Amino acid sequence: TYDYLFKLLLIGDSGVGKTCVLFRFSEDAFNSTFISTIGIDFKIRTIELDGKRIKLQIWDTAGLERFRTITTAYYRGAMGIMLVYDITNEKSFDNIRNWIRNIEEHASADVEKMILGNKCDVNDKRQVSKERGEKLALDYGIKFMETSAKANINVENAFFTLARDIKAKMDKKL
């Protein structure tokens, strides 16, 4: 049923769109009604890379601090982590540095990482320039893109790229 199996997480502040980004990836849909994640949610999608079947087990964490202990235990064993902020919400962007510390303190040293500046369709309420997002990511040597679950921008590209990077690192070891 699959050639590789990759564990992915999405982390970042409550409300930035982690569930919507995954919902767009998982089922090509968007719903604007906010239902904050209770602790954790889970989805499966199998993609193909280099003619091989890649099964993605994707864990969608709650962003609220009340769930930190529950969500943090999923970091061990993760092979790729999406760090998500909301381009209309400067504080969610500022918090990315704290989220990276949480990764570095709990996940594998070589876990693959990617930063997503989500809600890039709401340019009329933007608080974080694309340039500052690219710079933060450059400061940490992490890949970066702006996404929109609602308009379906860079969501496919985010996961396929993360998955490609995980696979290349795996393949290099053989």
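Throughout, we count residues from 1 along the sequence that is shown.
**Student:** Quick check: 127-135 versus 48-56, which has the larger average CA B-factor in the record?
**Tutor:** Stretch with the greater average CA B-factor: 48-56.
**Student:** Mind pulling up the entry and telling me whether 32-40 or 106-114 has the higher mean Cα temperature factor?
**Tutor:** So the stretch with the higher mean C-alpha B-factor is 106-114.
**Student:** Just say lowest, middle or highest third for the CA B-factor of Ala163 relative to the other modelled residues in its chain.
**Tutor:** It falls in the middle third of the chain.
**Student:** Could you say whether, by C-alpha temperature factor, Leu64 belongs to the lowest, middle or highest third of its chain?
**Tutor:** Its C-alpha B-factor, which the entry lists for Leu64, ranks in the lowest third among residues of this chain.
**Student:** Based on the deposited C-alpha B factors for this chain, I'd like to know if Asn154 is in the lowest, middle or highest third.
**Tutor:** It falls in the top third of the chain.
**Student:** Test of reading the entry: by CA B factor among the chain's modelled residues, which third contains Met79?
**Tutor:** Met79: CA B-factor falls in the highest third of its chain.
**Student:** Where does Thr72 sit by CA temperature factor within its chain: lowest, middle or highest third?
**Tutor:** Its C-alpha B-factor belongs to the highest third of this chain's values.
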